[PDB]
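Trainee: Starting off with a structure, shown below.
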Amino acid sequence: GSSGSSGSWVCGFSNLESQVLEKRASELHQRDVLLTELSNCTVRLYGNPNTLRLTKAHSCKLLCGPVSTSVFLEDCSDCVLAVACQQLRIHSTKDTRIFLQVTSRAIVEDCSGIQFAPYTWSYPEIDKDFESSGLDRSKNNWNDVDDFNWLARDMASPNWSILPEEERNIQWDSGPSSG
């Protein structure tokens with residue numbers, strides 16, 4: 001071949017609709033995931049990627065262990081991003097639920113109707129996953145977030161919000177599929 005180990009690789013899944021994807025640790029092996037131009041596509045990851053990125057998403061679901069660095073979100077709406085990270089960056093997002101556990105803080109810009117909930121996900125290899133990246137499964141400042149949209153209010157920026165204790169449990173099991 002040409003080369004073996006040099007420079008980072010860039011691969012992912014896009015241009016899909018009503019499809020299902022599943023990646024493991026051996027598959028990913030610390031890599032950047034690119035998911036855009038998707039819709040109604042479910043992707044269940046398992047391992048520890050380098051940097052996750054999900055933009056231009058709509059009615060899509062993302063489930064992956066604690067990222068190595070962080071994750072990004074842009075041009076997303078009516079989506080569900082589930083991945084713990086150190087910092088979350090969003091932009092042009094609306095009605096996009098994001099359940100994660102930020103250790104440092106999150107950033108939002110030009111967003112409305114955003115939701116920030118703790119990282120809740122169980123799995124045979126969920127505790128060990130955190131050991132890889134070396135993230136903390138306790139300390140997390142999800143309540144504290146940075147906003148960037150103040151003009152008419154003089155109180156609080158209606159950008160980010162919190163989810164009640166009613167819609168915390170989401171029925172992932174459709175019926176025929178068990179896991």
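All residue names refer to the structure tokens as shown: chains lettered A, B, ... in order, residues numbered from 1 in each chain, ligands numbered from 1 in order.
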Mind checking which residues fall within 12 Å of residue A:110, counting only C-alpha atoms, ignoring those fewer than 5 positions away in the same chain, and posting them as a PDB file with N, CA and C atoms, in the first residue's frame?

Mentor:
```
ATOM      1  N   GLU A  74     -24.718  21.576  14.645  1.00  0.00           N
ATOM      2  CA  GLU A  74     -25.117  22.745  13.869  1.00  0.00           C
ATOM      3  C   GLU A  74     -26.148  22.371  12.808  1.00  0.00           C
ATOM      4  N   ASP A  75     -27.127  23.247  12.607  1.00  0.00           N
ATOM      5  CA  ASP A  75     -28.174  23.009  11.620  1.00  0.00           C
ATOM      6  C   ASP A  75     -28.973  21.755  11.965  1.00  0.00           C
ATOM      7  N   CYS A  76     -29.187  21.533  13.258  1.00  0.00           N
ATOM      8  CA  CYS A  76     -29.935  20.370  13.720  1.00  0.00           C
ATOM      9  C   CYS A  76     -31.275  20.789  14.316  1.00  0.00           C
ATOM     10  N   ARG A  89     -20.714  22.403  21.723  1.00  0.00           N
ATOM     11  CA  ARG A  89     -20.899  23.602  20.913  1.00  0.00           C
ATOM     12  C   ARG A  89     -22.080  23.439  19.963  1.00  0.00           C
ATOM     13  N   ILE A  90     -23.084  24.295  20.123  1.00  0.00           N
ATOM     14  CA  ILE A  90     -24.272  24.246  19.279  1.00  0.00           C
ATOM     15  C   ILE A  90     -24.471  25.565  18.538  1.00  0.00           C
ATOM     16  N   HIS A  91     -25.218  25.512  17.440  1.00  0.00           N
ATOM     17  CA  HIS A  91     -25.484  26.704  16.640  1.00  0.00           C
ATOM     18  C   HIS A  91     -26.583  26.437  15.617  1.00  0.00           C
ATOM     19  N   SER A  92     -27.535  27.359  15.524  1.00  0.00           N
ATOM     20  CA  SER A  92     -28.642  27.223  14.584  1.00  0.00           C
ATOM     21  C   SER A  92     -29.457  25.968  14.883  1.00  0.00           C
ATOM     22  N   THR A  93     -29.581  25.639  16.163  1.00  0.00           N
ATOM     23  CA  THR A  93     -30.334  24.463  16.582  1.00  0.00           C
ATOM     24  C   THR A  93     -31.649  24.865  17.241  1.00  0.00           C
ATOM     25  N   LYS A  94     -32.663  24.018  17.097  1.00  0.00           N
ATOM     26  CA  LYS A  94     -33.972  24.288  17.680  1.00  0.00           C
ATOM     27  C   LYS A  94     -34.765  22.997  17.863  1.00  0.00           C
ATOM     28  N   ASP A 146     -23.264  28.861  28.584  1.00  0.00           N
ATOM     29  CA  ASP A 146     -23.014  30.195  28.051  1.00  0.00           C
ATOM     30  C   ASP A 146     -23.988  30.523  26.925  1.00  0.00           C
ATOM     31  N   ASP A 147     -24.613  31.694  27.011  1.00  0.00           N
ATOM     32  CA  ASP A 147     -25.570  32.125  25.999  1.00  0.00           C
ATOM     33  C   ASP A 147     -24.998  33.265  25.161  1.00  0.00           C
ATOM     34  N   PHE A 148     -25.617  33.515  24.012  1.00  0.00           N
ATOM     35  CA  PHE A 148     -25.171  34.578  23.119  1.00  0.00           C
ATOM     36  C   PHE A 148     -26.340  35.134  22.309  1.00  0.00           C
ATOM     37  N   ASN A 149     -27.288  35.757  23.001  1.00  0.00           N
ATOM     38  CA  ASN A 149     -28.458  36.331  22.348  1.00  0.00           C
ATOM     39  C   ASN A 149     -29.302  37.124  23.342  1.00  0.00           C
ATOM     40  N   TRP A 150     -28.914  38.373  23.575  1.00  0.00           N
ATOM     41  CA  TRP A 150     -29.637  39.236  24.504  1.00  0.00           C
ATOM     42  C   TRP A 150     -29.984  40.569  23.848  1.00  0.00           C
ATOM     43  N   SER A 157     -31.811  34.920  28.848  1.00  0.00           N
ATOM     44  CA  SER A 157     -31.866  34.568  27.434  1.00  0.00           C
ATOM     45  C   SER A 157     -32.626  33.257  27.228  1.00  0.00           C
ATOM     46  N   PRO A 158     -33.821  33.316  26.610  1.00  0.00           N
ATOM     47  CA  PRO A 158     -34.636  32.122  26.359  1.00  0.00           C
ATOM     48  C   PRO A 158     -34.057  31.246  25.252  1.00  0.00           C
ATOM     49  N   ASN A 159     -32.847  30.743  25.475  1.00  0.00           N
ATOM     50  CA  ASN A 159     -32.182  29.890  24.498  1.00  0.00           C
ATOM     51  C   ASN A 159     -32.155  28.439  24.968  1.00  0.00           C
ATOM     52  N   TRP A 160     -31.551  28.210  26.130  1.00  0.00           N
ATOM     53  CA  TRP A 160     -31.456  26.867  26.692  1.00  0.00           C
ATOM     54  C   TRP A 160     -32.452  26.683  27.832  1.00  0.00           C
TER      55      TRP A 160
END
```

Trainee: Write out as a list in words which residues come within 8 Å of residue A:71 when counting only C-alpha atoms, dropping same-chain ones fewer than 5 positions away.

Mentor: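 My list of contacting residues is residues 51, 52, 53, 54, 83, 85, 87, 88 and 89 of chain A.
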
Trainee: Give the alpha helix (DSSP H) residues of stretch 2-178 of chain A, as assigned by DSSP on the backbone, as a PyMOL selection string.

Mentor: chain A and resi 25-28+127-133

Trainee: If you run DSSP on this backbone, which residues of stretch 62-173 of chain A come out as strand (DSSP E or B), and could you give them as a tab-separated table (two decimals) with N, CA, C and O atoms, in the first residue's frame?

Mentor:
```tsv
chain	number	residue	atom	x	y	z
A	62	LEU	N	-28.72	9.82	17.97
A	62	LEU	CA	-27.31	9.47	18.09
A	62	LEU	C	-26.98	9.00	19.50
A	62	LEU	O	-27.25	9.69	20.48
A	63	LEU	N	-26.40	7.81	19.60
A	63	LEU	CA	-26.03	7.24	20.89
A	63	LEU	C	-24.61	6.68	20.85
A	63	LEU	O	-24.35	5.67	20.20
A	71	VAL	N	-17.87	17.15	21.15
A	71	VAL	CA	-18.79	16.99	20.03
A	71	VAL	C	-19.30	18.34	19.53
A	71	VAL	O	-19.25	19.33	20.25
A	72	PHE	N	-19.77	18.37	18.29
A	72	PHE	CA	-20.28	19.60	17.69
A	72	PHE	C	-21.68	19.39	17.12
A	72	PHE	O	-22.03	18.29	16.70
A	73	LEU	N	-22.47	20.46	17.09
A	73	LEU	CA	-23.83	20.39	16.56
A	73	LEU	C	-24.20	21.69	15.86
A	73	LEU	O	-24.02	22.78	16.41
A	74	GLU	N	-24.72	21.58	14.64
A	74	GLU	CA	-25.12	22.75	13.87
A	74	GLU	C	-26.15	22.37	12.81
A	74	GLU	O	-26.06	21.31	12.19
A	77	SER	N	-32.30	19.97	14.09
A	77	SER	CA	-33.63	20.26	14.61
A	77	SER	C	-34.43	18.98	14.81
A	77	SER	O	-34.44	18.10	13.94
A	80	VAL	N	-31.99	13.98	18.63
A	80	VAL	CA	-31.62	13.57	19.97
A	80	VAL	C	-30.17	13.12	20.04
A	80	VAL	O	-29.84	11.99	19.66
A	81	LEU	N	-29.30	14.00	20.52
A	81	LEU	CA	-27.88	13.69	20.63
A	81	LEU	C	-27.54	13.21	22.04
A	81	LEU	O	-27.67	13.96	23.01
A	82	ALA	N	-27.10	11.96	22.14
A	82	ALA	CA	-26.74	11.38	23.43
A	82	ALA	C	-25.26	10.99	23.46
A	82	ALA	O	-24.88	9.92	22.98
A	87	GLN	N	-16.99	19.58	26.45
A	87	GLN	CA	-17.56	20.83	25.97
A	87	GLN	C	-18.50	20.59	24.79
A	87	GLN	O	-18.19	19.83	23.88
A	88	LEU	N	-19.66	21.24	24.83
A	88	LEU	CA	-20.65	21.10	23.76
A	88	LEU	C	-20.87	22.42	23.04
A	88	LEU	O	-21.19	23.43	23.67
A	89	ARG	N	-20.71	22.40	21.72
A	89	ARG	CA	-20.90	23.60	20.91
A	89	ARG	C	-22.08	23.44	19.96
A	89	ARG	O	-22.08	22.56	19.10
A	90	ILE	N	-23.08	24.29	20.12
A	90	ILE	CA	-24.27	24.25	19.28
A	90	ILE	C	-24.47	25.56	18.54
A	90	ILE	O	-23.96	26.60	18.95
A	91	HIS	N	-25.22	25.51	17.44
A	91	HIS	CA	-25.48	26.70	16.64
A	91	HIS	C	-26.58	26.44	15.62
A	91	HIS	O	-26.57	25.42	14.93
A	94	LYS	N	-32.66	24.02	17.10
A	94	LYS	CA	-33.97	24.29	17.68
A	94	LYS	C	-34.77	23.00	17.86
A	94	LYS	O	-34.82	22.16	16.96
A	97	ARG	N	-33.23	17.94	21.40
A	97	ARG	CA	-32.87	17.45	22.73
A	97	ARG	C	-31.45	16.90	22.74
A	97	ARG	O	-31.05	16.18	21.83
A	98	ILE	N	-30.70	17.24	23.78
A	98	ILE	CA	-29.32	16.78	23.90
A	98	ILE	C	-29.02	16.32	25.33
A	98	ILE	O	-28.81	17.13	26.22
A	99	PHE	N	-29.00	15.00	25.52
A	99	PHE	CA	-28.73	14.43	26.83
A	99	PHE	C	-27.26	14.03	26.96
A	99	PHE	O	-26.82	13.05	26.36
A	105	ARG	N	-18.31	22.93	30.45
A	105	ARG	CA	-19.46	23.79	30.16
A	105	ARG	C	-19.90	23.63	28.70
A	105	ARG	O	-19.22	22.99	27.90
A	106	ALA	N	-21.04	24.23	28.37
A	106	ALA	CA	-21.56	24.17	27.01
A	106	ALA	C	-21.72	25.56	26.41
A	106	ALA	O	-21.87	26.54	27.13
A	107	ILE	N	-21.69	25.63	25.08
A	107	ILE	CA	-21.83	26.91	24.39
A	107	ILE	C	-22.97	26.86	23.38
A	107	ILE	O	-23.14	25.88	22.66
A	108	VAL	N	-23.75	27.94	23.33
A	108	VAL	CA	-24.88	28.02	22.41
A	108	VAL	C	-24.93	29.38	21.73
A	108	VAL	O	-24.62	30.41	22.34
A	109	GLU	N	-25.32	29.39	20.46
A	109	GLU	CA	-25.42	30.63	19.70
A	109	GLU	C	-26.50	30.53	18.63
A	109	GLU	O	-26.51	29.60	17.82
A	112	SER	N	-32.68	28.21	19.87
A	112	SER	CA	-33.94	28.44	20.57
A	112	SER	C	-34.67	27.13	20.81
A	112	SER	O	-34.83	26.32	19.90
A	114	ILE	N	-33.70	24.81	23.05
A	114	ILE	CA	-32.72	23.77	23.31
A	114	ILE	C	-32.93	23.13	24.68
A	114	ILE	O	-33.47	23.76	25.59
A	115	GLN	N	-32.51	21.88	24.81
A	115	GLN	CA	-32.66	21.15	26.07
A	115	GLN	C	-31.33	20.54	26.51
A	115	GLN	O	-30.60	19.98	25.69
A	116	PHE	N	-31.02	20.67	27.79
A	116	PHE	CA	-29.78	20.13	28.34
A	116	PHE	C	-30.06	19.20	29.52
A	116	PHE	O	-30.40	19.66	30.61
A	117	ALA	N	-29.93	17.90	29.29
A	117	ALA	CA	-30.16	16.91	30.33
A	117	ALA	C	-28.92	16.06	30.58
A	117	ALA	O	-28.13	15.82	29.67
A	145	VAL	N	-24.40	27.15	31.58
A	145	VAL	CA	-24.15	27.23	30.14
A	145	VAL	C	-23.96	28.68	29.70
A	145	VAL	O	-24.44	29.60	30.35
A	146	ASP	N	-23.26	28.86	28.58
A	146	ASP	CA	-23.01	30.19	28.05
A	146	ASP	C	-23.99	30.52	26.92
A	146	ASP	O	-24.17	29.73	26.00
A	160	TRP	N	-31.55	28.21	26.13
A	160	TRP	CA	-31.46	26.87	26.69
A	160	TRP	C	-32.45	26.68	27.83
A	160	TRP	O	-32.86	27.65	28.48
A	161	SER	N	-32.84	25.43	28.08
A	161	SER	CA	-33.79	25.12	29.14
A	161	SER	C	-33.51	23.75	29.74
A	161	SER	O	-32.59	23.05	29.30
```

Trainee: Show me, as an mmCIF file with N, CA and C atoms, in the first residue's frame, the residues that have an atom within 9 Å of stretch 19-34 of chain A when counting only C-alpha atoms, minus same-chain residues fewer than 6 positions from it.

Mentor:
```cif
data_model
loop_
_atom_site.group_PDB
_atom_site.id
_atom_site.type_symbol
_atom_site.label_atom_id
_atom_site.label_comp_id
_atom_site.auth_asym_id
_atom_site.auth_seq_id
_atom_site.Cartn_x
_atom_site.Cartn_y
_atom_site.Cartn_z
ATOM 1 N N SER A 8 -4.761 11.742 10.562
ATOM 2 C CA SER A 8 -6.030 11.195 11.029
ATOM 3 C C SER A 8 -6.967 10.917 9.859
ATOM 4 N N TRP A 9 -7.840 9.930 10.027
ATOM 5 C CA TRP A 9 -8.791 9.563 8.984
ATOM 6 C C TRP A 9 -10.151 10.208 9.237
ATOM 7 N N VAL A 10 -10.869 10.502 8.158
ATOM 8 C CA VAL A 10 -12.186 11.120 8.261
ATOM 9 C C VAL A 10 -13.239 10.296 7.528
ATOM 10 N N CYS A 11 -14.158 9.707 8.287
ATOM 11 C CA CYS A 11 -15.219 8.891 7.709
ATOM 12 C C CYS A 11 -16.481 8.954 8.562
ATOM 13 N N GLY A 12 -17.620 8.655 7.947
ATOM 14 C CA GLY A 12 -18.881 8.684 8.665
ATOM 15 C C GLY A 12 -20.028 8.129 7.847
ATOM 16 N N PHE A 13 -21.229 8.648 8.083
ATOM 17 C CA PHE A 13 -22.414 8.199 7.361
ATOM 18 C C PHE A 13 -23.362 9.364 7.094
ATOM 19 N N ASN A 40 -34.263 10.761 10.021
ATOM 20 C CA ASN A 40 -34.928 9.557 10.505
ATOM 21 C C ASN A 40 -33.971 8.368 10.497
ATOM 22 N N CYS A 41 -32.686 8.646 10.689
ATOM 23 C CA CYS A 41 -31.670 7.600 10.706
ATOM 24 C C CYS A 41 -31.152 7.367 12.121
ATOM 25 N N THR A 42 -31.216 6.118 12.570
ATOM 26 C CA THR A 42 -30.752 5.761 13.905
ATOM 27 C C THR A 42 -29.339 5.188 13.855
ATOM 28 N N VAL A 43 -28.465 5.705 14.714
ATOM 29 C CA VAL A 43 -27.083 5.244 14.767
ATOM 30 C C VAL A 43 -26.661 4.937 16.200
ATOM 31 N N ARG A 44 -26.370 3.669 16.466
ATOM 32 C CA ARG A 44 -25.953 3.243 17.797
ATOM 33 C C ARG A 44 -24.465 2.909 17.822
ATOM 34 N N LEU A 45 -23.665 3.832 18.345
ATOM 35 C CA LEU A 45 -22.222 3.636 18.428
ATOM 36 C C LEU A 45 -21.833 3.035 19.774
ATOM 37 N N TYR A 46 -20.646 2.437 19.829
ATOM 38 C CA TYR A 46 -20.157 1.822 21.058
ATOM 39 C C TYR A 46 -18.634 1.738 21.056
ATOM 40 N N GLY A 47 -17.999 2.570 21.876
ATOM 41 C CA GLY A 47 -16.551 2.575 21.954
ATOM 42 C C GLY A 47 -16.004 3.866 22.531
ATOM 43 N N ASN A 48 -15.185 4.562 21.751
ATOM 44 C CA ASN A 48 -14.594 5.820 22.192
ATOM 45 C C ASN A 48 -13.916 6.542 21.029
ATOM 46 N N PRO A 49 -14.698 7.277 20.219
ATOM 47 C CA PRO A 49 -14.168 8.018 19.070
ATOM 48 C C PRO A 49 -13.331 9.220 19.493
ATOM 49 N N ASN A 50 -12.619 9.804 18.534
ATOM 50 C CA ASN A 50 -11.776 10.963 18.808
ATOM 51 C C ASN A 50 -12.617 12.231 18.925
ATOM 52 N N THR A 51 -13.338 12.558 17.857
ATOM 53 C CA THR A 51 -14.184 13.746 17.841
ATOM 54 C C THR A 51 -15.466 13.489 17.058
ATOM 55 N N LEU A 52 -16.604 13.657 17.723
ATOM 56 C CA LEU A 52 -17.899 13.444 17.090
ATOM 57 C C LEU A 52 -18.445 14.747 16.517
ATOM 58 N N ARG A 53 -19.150 14.647 15.393
ATOM 59 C CA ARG A 53 -19.726 15.818 14.745
ATOM 60 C C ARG A 53 -21.056 15.474 14.081
ATOM 61 N N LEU A 54 -22.103 16.203 14.451
ATOM 62 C CA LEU A 54 -23.430 15.975 13.891
ATOM 63 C C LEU A 54 -24.087 17.293 13.490
ATOM 64 N N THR A 55 -24.150 17.545 12.188
ATOM 65 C CA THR A 55 -24.756 18.771 11.677
ATOM 66 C C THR A 55 -25.747 18.464 10.559
ATOM 67 N N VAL A 67 -17.185 10.771 24.348
ATOM 68 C CA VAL A 67 -16.211 11.150 23.331
ATOM 69 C C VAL A 67 -14.845 11.429 23.954
ATOM 70 N N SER A 68 -13.801 11.347 23.136
ATOM 71 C CA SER A 68 -12.442 11.589 23.605
ATOM 72 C C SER A 68 -12.216 13.074 23.877
#
```

Trainee: Looking at A:86, A:78, A:36, A:7, which one is nearest to residue A:135, with distances taken over only C-alpha atoms?

Mentor: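 The answer is A:86, which sits nearest to residue A:135.
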
Trainee: I'd like the interatomic distance between atom CA of residue A:129 and atom CA of residue A:168, to a tenth of an Å.

Mentor: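 Pair atom CA of residue A:129 / atom CA of residue A:168 returns 22.5 Å.
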
Trainee: Could you check which of A:66, A:3, A:139, A:14 is closest to residue A:126, using only C-alpha atoms?

Mentor: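 Among A:66, A:3, A:139, A:14, it is A:66 that comes nearest to residue A:126.
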
Trainee: I'd like the contact shell of residue A:137 - 9 Å cut-off, only C-alpha atoms, skipping same-chain residues fewer than 3 positions apart - returned as an MDAnalysis selection string.

Mentor: chainID A and resid 101 103 127 130 140

Trainee: Keeping only C-alpha atoms, write those residues as a PDB file, in the first residue's frame.

Mentor:
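Output file part-v2.pdb is given in full below:
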```pdb
ATOM      1  CA  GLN A 101     -22.786  15.239  30.883  1.00  0.00           C
ATOM      2  CA  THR A 103     -17.624  18.384  32.765  1.00  0.00           C
ATOM      3  CA  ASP A 127     -18.502   2.157  32.933  1.00  0.00           C
ATOM      4  CA  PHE A 130     -15.397   6.282  30.623  1.00  0.00           C
ATOM      5  CA  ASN A 140     -20.539  17.847  35.580  1.00  0.00           C
TER       6      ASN A 140
END
```

Trainee: Can you measure atom CA of residue A:166 to atom CA of residue A:18 for me? One decimal in Å is fine.

Mentor: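 Interatomic distance here is 27.5 Å.
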
Trainee: So which one's closest to residue A:163, A:125, A:131, A:37, A:95? Using only C-alpha atoms, please.

Mentor: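 Once distances to residue A:163 are computed over only C-alpha atoms, the minimum belongs to A:95.
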
Trainee: Could you work out how far atom CA of residue A:84 lies from atom CA of residue A:70, giving the answer in Å with one decimal?

Mentor: 8.1 Å

Trainee: What's around residue A:79 at 7 Å? Count only C-alpha atoms, leave out sequence neighbours fewer than 4 positions away in its own chain, and write the answer as JSON, numbers by chain.

Mentor: {"A": [57, 58, 59, 60, 61, 96, 97]}
